[PDB]
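The same protein chain appears twice below, in two forms, each given on its own as structure tokens and labelled structure 1 and structure 2.
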Structure 1
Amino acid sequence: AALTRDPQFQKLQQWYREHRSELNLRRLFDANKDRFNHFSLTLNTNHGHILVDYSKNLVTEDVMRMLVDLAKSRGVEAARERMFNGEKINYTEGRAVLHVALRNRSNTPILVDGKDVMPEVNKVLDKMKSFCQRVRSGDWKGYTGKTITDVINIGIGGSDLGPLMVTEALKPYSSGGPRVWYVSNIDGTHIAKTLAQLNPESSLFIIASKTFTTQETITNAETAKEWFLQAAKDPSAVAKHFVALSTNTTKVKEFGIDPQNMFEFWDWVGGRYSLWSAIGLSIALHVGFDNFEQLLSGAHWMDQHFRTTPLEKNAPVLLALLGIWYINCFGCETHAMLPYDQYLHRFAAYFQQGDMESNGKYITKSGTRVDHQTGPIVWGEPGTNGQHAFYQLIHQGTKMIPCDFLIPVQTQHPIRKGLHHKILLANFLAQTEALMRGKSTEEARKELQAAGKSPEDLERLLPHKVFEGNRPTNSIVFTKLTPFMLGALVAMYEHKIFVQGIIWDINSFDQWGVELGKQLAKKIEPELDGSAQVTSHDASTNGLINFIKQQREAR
């Protein structure tokens, strides 16, 4: 595979083999009072600052130089320029990759097949702006003349997670917007418990699907339409309550949707990179189009940082390189994302798709199987909740787990004269400090002596109180979680994922790994009907089906 043959990767591996044991964070900070200055970035966006503090990582200046040289050798800059120039870097599908065009606020031309995409991007943005104004102002009325109070996004995967994450994160910016709901699961619970809380006269459904043929989304859409028509009766009323994020005019019109309420996007918009497109309509309806434009502007700011900053000071690049170090040298399977912000409670889940569906790959550009690890398992929960759930294992288990800790300096809810946010910040800071410093046997012994423990009780408890430390983290601190700053943060991680994929020589922008499950599910569906025993699969699948059929009519 390309990475394993790269001379700069081999140099990194040799250094790791020879020097792993000198990487102790306590000793590194004790020997370099300037370590924070050397291993951190501060970004002024003009709409808030971002501090990316990567100094609590198991790195030295030589490691960082070797990592930057790996990015150079692996062609990160040339690949970045191909993306931004509209070249077909999604090579298995033969497609451009242009989520950066969706937020290209400068309107500099970006050509695909010799034709600028920016007029089409802006035409859809203009359509979104108009529609948002009409819905939010009460100009758009339902079939009985009432204004829209609830917007229901129906979609799966990329059509769901991004809009949900963003409307959750930007909830304070939604005064004057309708409530938003997200239905994604095919499990009938999801639509059924949603519809039970809604009034058909005042509900607007957004059906998010390029093809308008996606099974789960279209089944949910058909269930919603049947519920709506049970109240409204008139098929012509559907066009007041259903819009589409799609390009299938024929199917959208067949569904009962006015084709002037189809909001288009393009094949170079990957679903897991799509919240910046028409797929973000529910964001713009909830927080307003002006705030949606701020979100796009933040992403655009970070796109420029990624383009113009030397690799050695380029935030997405450094985040990516640190991840390569832990994955391909230390062997860490996972990466935890730990935002100390309840509004960001769905941020880790969003990057589960963005990161894992992008880089959970094993075939390289040349068709050759990787002989190294690729993308990690991403997971996490907001702090301080996660601190009371699973940090026991991060501190005192047997796993090395790189963690990104994120927090805004300024809270959206400065209640109690700032007391809650003060405590939140103190925990944010203390947890990374604790992971780095640990607590030695001698330190824990002193504490036990002071508590008045007998010699026997002390020796018995002492090892359990030791924290080995040396557990690395990134801390990402930003002035305030505004629409613009959220866009910059999401884009930062998008480009991190991109850089990692280039280094691994995989395609971050396809997803062939989803096909086999879809094919097998289509074969099983018809076999579940009827009482006949199924014998057409392996013995486990058959046994499971036959148990399902037996238990179907158990009271």
Structure 2
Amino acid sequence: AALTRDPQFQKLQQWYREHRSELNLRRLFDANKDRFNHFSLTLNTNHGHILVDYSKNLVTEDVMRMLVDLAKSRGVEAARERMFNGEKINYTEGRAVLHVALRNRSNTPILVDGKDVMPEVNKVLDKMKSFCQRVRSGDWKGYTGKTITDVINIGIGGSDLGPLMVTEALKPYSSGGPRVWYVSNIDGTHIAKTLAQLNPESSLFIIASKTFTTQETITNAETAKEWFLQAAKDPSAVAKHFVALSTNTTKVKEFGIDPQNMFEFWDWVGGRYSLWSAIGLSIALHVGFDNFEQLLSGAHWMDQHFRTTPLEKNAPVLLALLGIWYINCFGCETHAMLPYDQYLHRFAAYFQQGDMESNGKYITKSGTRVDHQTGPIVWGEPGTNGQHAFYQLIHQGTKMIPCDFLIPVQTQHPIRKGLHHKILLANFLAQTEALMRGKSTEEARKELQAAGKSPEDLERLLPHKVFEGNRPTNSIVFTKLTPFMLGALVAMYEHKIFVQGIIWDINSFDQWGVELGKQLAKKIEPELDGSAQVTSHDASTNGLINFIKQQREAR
């Protein structure tokens, strides 16, 4: 595979074999008082600063030069220009990849098939702006003349995770917006428990689906419409309570949504890159279109940083390369995302899709199988909660787990004169310091001596109190979690993922790996119906089905 044959990759591997032992953080920081300045970036966006501190990673200045040489060798910069220029870099599907066009506030032309996409992008944005104004002001009335109080997004995956994570994160900005609800699972619990809390007369349903064929979303949408028409008893009332966010005009009409009620996007918007498009309508409705424009603007700023910054000081490139270093030299399977912010409690789940569906790949551009690791398993929970759930394993288990810690300097809720946020910041700082420094047998012994432990009791406990440390982290600190700054942060990680993919020579923008499960579920669905035993699959699938059939009528 390309990466394995790359001479810069082999130098990195070779260096790792010879010098891995020189990578002790305790020693590196002691021998370089300037380490933080040398291994950090400060970004002034004009709407907040972002500090990307990667100095607690197991790198030296030689390692980062070799990693930048790898990005050059693998053609990161030329691949970047192909994306921004509208070339069909999604080569398995023959598509452009232009989530950057969605937030292209400069309106500089971006050509696909020689045609500028920005007129159509801005036509849909204008349509969302006007609709949001009418809904939020109460000028858009329901079928009994009431204003809309609840907006329900029905969609899954790329049509759900982004809008949910952003509306969660920007909750302080939703004064005067309708309540927003997200129904995604086919599990009837999800729609049922939501509809039970709603009035059809004041509820606006948004059917989010790129294809408008996804079984979960269409089934959920048909259930919501049946429920709604149970109350309204008039087909023409659907036009006041159902809109669609899709590329598929034909299926939207067949579902019965008026064409004036369809907000379009395009095939070069990948679902996991789609919150910047019409899929973001639930965001604009909740926090207002002006805050949505700020979100796009912050992404635009990061796009420009990614495009114009030399690789060696380019935030998403450096994050990408650090991950390559941990994935392909150290062998780390996972990457933890640990925001110290309750509003970001859906941020890790969002990049599970964004990262893992993009780079969970094993075939290269040339059709050949990779002979190296690709994308990691992404996981995490907000701090401080994670400290009391799983940091035990991060500190004193047997796995190496690169961790991104994120926090805003300014809280949306400066209660008790800042007391809570002070404690939060201090834990944020303490945990990376603890991961890096650890605690030696000599340091733990001195503590147990001072606690007054008997020699027997002390030798028994001592090895359990030792922290081997040397566990690497990234610390990403930003002024405040505004719409603009959220946009910049999400875009930072989008381009991190793009860079890793180029390095691995995979297609970050397709998802052929979801097809087989879909096919097999279509075959199983009609077999579940009766009480007849199923014997047509492997023995486990049959046995599970037959157990299901048996237990259907247990009371």
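Please note that residue numbering is based on structure 1, beginning with 1 at the start of its sequence. The term rigid core refers to the maximal set of C-alpha atoms that superpose within 1.5 Å between the two forms. Residues that one form lacks are left out of the comparison.
Put simply, after the core is superposed between the two structures, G256 is the one residue in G75, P178, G157, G256 with a Cα shift of at least 2 angstroms.
The rigid-core alignment places the CA of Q412 less than 2 Å apart between the two structures. The Cα position of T247 differs by 2 Å or more between the two structures after fitting on the rigid core.
With both forms fitted on their core, the C-alpha atom of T211 sits 2.6 Å from where it sits in the other form; this compares the forms between the two structures. Summarising the core-aligned comparison between the two structures, the C-alpha atom of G383 is found to shift 0.3 Å.
After superposition on the rigid core, a single segment of 3 or more consecutive residues displaced by 2 Å or more at every C-alpha between the two structures is found, at 247-256.
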